[PDB]
């Protein structure tokens, strides 16, 4: 509220409160975090990424996005918890400290701000962007079907009213283009994590093709390790594997894109729960979710630093 220390992390918040939170954080930790705007949403809301760094120029970096599917509120809540945690742990946690001493971390807490507002205003379950058009009264695109990785293949719908509509062409949604251009311009990303809910899964590419990635042994070992760390705190059980073998065929997904850009450590997390509450996870599960996900994420970052 008046300081990140008084912000209530154990409750869900609106867009404005999250945006306010970002400014407070930057104000409190100017030497570590900065707020960059990498685009504007369809309805004109700024799209912000927090950059965490101890210096250097173009250091290898880690991208983390949350909330691309707006109704997955647990994700934006986890994103705010992570932002705070980074600032607390630097200097206290040996491992994390080593990570930030050598790499920068870019965190996008609200990747789909128009959808997020819509979830507070009109439809709690809204998943897509809010882009409109012409040959349909249906609004919106599945931003996780809009990337240029098997765009348009099986695993996405071409019907505008579908929950999985892929949109007119790859990267047609501003919310996606913005990340694409930012990552391509930076050119030094080593890891790309996209956070979703629900199902308790840790996935690696690909989703659009049965073809195995060349780094499959390593990512799989990574995922296994991360899942082991994550389970350690509360016993939360995750499965892991490639998107297509674990879930279903899905095209135009972000991690397929990042992996094809050469960002080896590309993974998607599907947070709690397994169906009991689904998207409507109680506020009381915020903190435990966030704490256990951190362990998983930290294990991937460690791997990254050392490889």
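Positions refer to the first chain, counted from 1.
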Inset, instruction - Give yes or no for this: do at least a third of the other compared entries, each modelling residues before and after residue 134, lack coordinates for it? - result: yes
Inset, instruction - Between 23-31 and 63-71, point out the one with the higher average CA B-factor as the PDB entry records it. - result: 23-31
Legend entry - Stretch with the greater mean C-alpha B-factor as recorded in the entry, comparing 72-80 against 89-97: 89-97
Inset, instruction - Would you mind checking which of 129, 162, 119, 200 has the top Cα temperature factor in the PDB entry? - result: 119
Legend entry - Residue with maximal Cα B-factor (values as given in the PDB entry) among 263, 271, 47, 247: 247
Inset, instruction - Taking the chain's C-alpha temperature factors as the reference, tell me which third residue 173 falls into: lowest, middle or highest. - result: lowest
Legend entry - Chain-relative CA temperature factor third for residue 205: middle
Legend entry - Chain-relative CA temperature factor third for residue 278: middle
Legend entry - Third of chain Cα B-factors occupied by residue 290: lowest
Legend entry - CA B-factor ranking of residue 191, expressed as a third of its chain: lowest
